[PDB]
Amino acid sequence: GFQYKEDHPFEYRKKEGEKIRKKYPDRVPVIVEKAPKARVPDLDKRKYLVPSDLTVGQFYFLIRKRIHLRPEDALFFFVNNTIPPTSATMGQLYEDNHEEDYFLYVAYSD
């Protein structure tokens, strides 16, 4: 599973997610890591605070660039056993998929 969940016990993650949701009402907290079997670069930053209206497609645009993919290279997000559509907003994805620690978890893969 996600490295972030190894690096921090549930109770602390939940307290931090609560904190963020209180402090930043129009942002959604996202943990982003490479999928276990993906063959692409790792990012140094895993904790994201993105506008709720940001689309999944825009988030691909940002992630793709940070891992030095070309627009024509494949990239997928895995979110709770699904690939979200590009038209979904991160706010929508958060409401549908956030964990009980109040984070949304997104894996990326080629």
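For clarity, a rigid core is taken as the largest C-alpha set superposing within 1.5 Å between two forms. One-based numbering along the sequence shown.
Displacement analysis by core superposition in 7 other deposited structures of this protein ranks 69 to 77 above the other of 69 to 77 and 52 to 60 in root-mean-square C-alpha distance from the shown form. Per-stretch averaging of Cα B factors for 53 to 61 and 39 to 47 places 39 to 47 on top. Look at the C-alpha B-factors of 5 to 13 and of 90 to 98. On average they run higher in 5 to 13. Per-chain ranking of the deposited C-alpha B factor places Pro29 in the lowest third.
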